[PDB]
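Remarks on the overall topology
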Amino acid sequence: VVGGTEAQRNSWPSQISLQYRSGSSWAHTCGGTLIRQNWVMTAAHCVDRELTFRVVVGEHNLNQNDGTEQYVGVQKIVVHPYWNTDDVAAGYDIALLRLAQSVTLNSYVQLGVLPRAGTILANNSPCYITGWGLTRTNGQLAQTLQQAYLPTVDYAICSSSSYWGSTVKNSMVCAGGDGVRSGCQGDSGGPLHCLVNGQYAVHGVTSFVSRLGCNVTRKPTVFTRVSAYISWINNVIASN
Ligand SMILES: *[C@](=O)([C]([N]C(=O)[C]1[C][C][C]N1C(=O)[C]([N]C(=O)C1=[C][C]=C(C([O])=O)[C]=[C]1)[C]([C])[C])[C]([C])[C])C(F)(F)F
Ligand SMILES: [Ca+2]
């Protein structure tokens, strides 16, 4: 997150860290959202890769023992069947991960609230991106979980030529584009939390940014629209 602030440790309890094995160690690669005690929602591009993964729930600081983490294996990966490798603009950038165990819930570990199917946010709706991604274009991961306020940019504006044009589809959410705040590498797969009728729900799965940088004016961060995939999600869970 470029232009982030440190999240309180109990603000975003559905955020997870998706990590890959690196020798003797584990490295954060993507975010995700805990959606069942044994299921995580992330981006397809995070997991359509030759890596071995684990999930950390109750994670705040990637570099320090928080005393709240649960570390769990990834047992099954279900990428959306219409995802195309290395092709974010074609959409379908979503995957579900069945965890090797069911995590226990607490103020640091909660299921993400998902929107009802079909729900679309009014332009300029209040949302926060969260994650440990780069804090500057070509920078480094955050240590502590970051948040940034990214108001939505509706499809009509976002798909206009001054914004993303035809790159953006109606199965995506755009948010931000102020030139200061954005997602950046390592935020991918995490939640976009939007406040509607007094409740935060996870409306987006972080997907991609501009070829010119992370924080680029009129190039909002782009997310998979969760509410377009409710039936898909439910079918995967029910079949696995
Ligand atoms: C995420 O944390 C990360 N996402 C990305 O880096 C994604 C994954 C593929 C590359 N990518 C990008 O965001 C890149 N953009 C594009 O590849 C792209 C831009 C424009 C168009 C188009 O048609 O208009 C098509 C593709 C940029 C250049 C890095 C963050 C940024 C959410 C992780 F991948 F894990 F790093
Ligand atoms: Ca930690």
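Residues numbered from 1 in each chain as written, not as in the entry; some residues may be left out. Chains lettered and ligands numbered in written order. Heavy atoms only, no water.

As summarised from the PDB record, the model derives from X-ray crystallography at a stated resolution of 0.94 Å.

Taken together, the eight strands give an open sheet; going across it, the order is β1-β9-β8-β12-β13-β14-β11-β10, and neighbouring strands pair in antiparallel fashion. Two strands in the sheet have a free side with no partner beyond their single neighbour: β1 (5-6) and β10 (152-153). (Pairing = 2+ DSSP bridges. Helix = DSSP H or I, 4+ residues; strand = E, 2+ residues; numbered from the N terminus.)

Turning our eyes to something else, we now look at the packing of aromatic side chains. The final tally for this structure, using the stated rule, is seven aromatic pairs. Seen from their ring centres, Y128 and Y149 are 5.4 Å apart, and the 65 degrees between their planes marks the pair as edge-to-face. You can see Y128 sitting in strand β8 (residues 127-131) and its partner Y149 sitting in strand β9 (residues 146-149), a full 21 residues away along the chain. Classification of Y128 by relative accessible area gives partly exposed; the value is 22%. By relative accessible area, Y149 is classed as partly exposed at 31%. Judged by centre distance (5.3 Å) and plane angle (80 degrees), the rings of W164 and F208 are edge-to-face. Note that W164 is positioned in the loop between α2 (155-158) and β11 (172-175) and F208 in strand β13 (residues 199-208), a separation of 44 residues in sequence. With respect to class, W164 is no different from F208; both count as buried. (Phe/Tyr/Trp six-rings, centres within 6.5 Å; stacked < 30°, edge-to-face > 60°. Buried < 20%, exposed > 50% of the residue type's maximum accessible area, 1.4 Å probe, protein only.)

Attention now moves to the coordination of the calcium ion (ligand 2). Each protein donor to the calcium ion (ligand 2) is listed here as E59 (OE), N61 (O), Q64 (O), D66 (OD) and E69 (OE); together their distances run 2.3 to 2.4 Å. In primary sequence terms, the donor set of the calcium ion (ligand 2) follows E-x1-N-x2-Q-x1-D-x2-E. Comparing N61 with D66 shows no difference in burial state: the two are buried. (Donors = N, O, S within 2.8 Å, 3.2 Å for Na, K, Ca; no water.)

Turning our attention to the nonpolar core. Of all hydrophobic cores here, the largest spans 32 residues; its most connected members are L18, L34, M41, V55, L96, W232 and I233. For this core, the element with the most residues is helix α3 (residues 230-239), which contributes five residues. With eleven residues, the next largest nonpolar core counts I129, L150, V173 and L192 among its residues. (Core = buried A, V, L, I, M, F, W, Y, C linked by side-chain atoms within 4.5 Å.)

For ligand 1, the set of nearby residues contains 18 residues, the closest of which are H45, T167, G186, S188 and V209. At 2.6 Å from an oxygen atom of ligand 1 is found a side-chain nitrogen or oxygen belonging to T167. Within the side chain of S188, an N or O atom sits 2.4 Å from an oxygen atom of ligand 1. Considered on its own, ligand 1 offers 710 Å² of accessible surface; in the complex 74% of this is hidden by protein. For the shell around ligand 1, the per-class residue count stands at seven nonpolar, nine polar and two charged. Built from parts of two domains, the shell around ligand 1 gets at least three residues from each of domain 1 (1-12 + 112-227) and domain 2 (13-111 + 228-240). (Near = heavy atom within 4 Å. Polar contact = N/O pair within 3.5 Å; in protein donor to acceptor, adjacent residues only side chain to side chain. Areas by Shrake-Rupley, 256 points an atom, 1.4 Å probe, with all protein chains shown as cover. Nonpolar A, V, L, I, M, F, W, Y, C, P; charged D, E, K, R; others polar. Domains from an automatic or database assignment.)

A few words now on the state of the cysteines. Under the defined criterion, the tally for this structure stands at four disulfides. Between the sulfur atoms of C127 and its disulfide mate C194 the distance is 2.0 Å. A torsion of 100 degrees about the S-S bond marks the disulfide between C127 and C194 as right-handed. Of the two residues, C127 sits in strand β8 while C194 sits in strand β12 (residues 191-196), which places them 67 residues apart along the sequence. Under the relative-accessibility criterion, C127 is labelled buried at 0%. Here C184 pairs with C214 through a disulfide, and the sulfurs are 2.0 Å apart. (Disulfide = S-S within 2.5 Å.)

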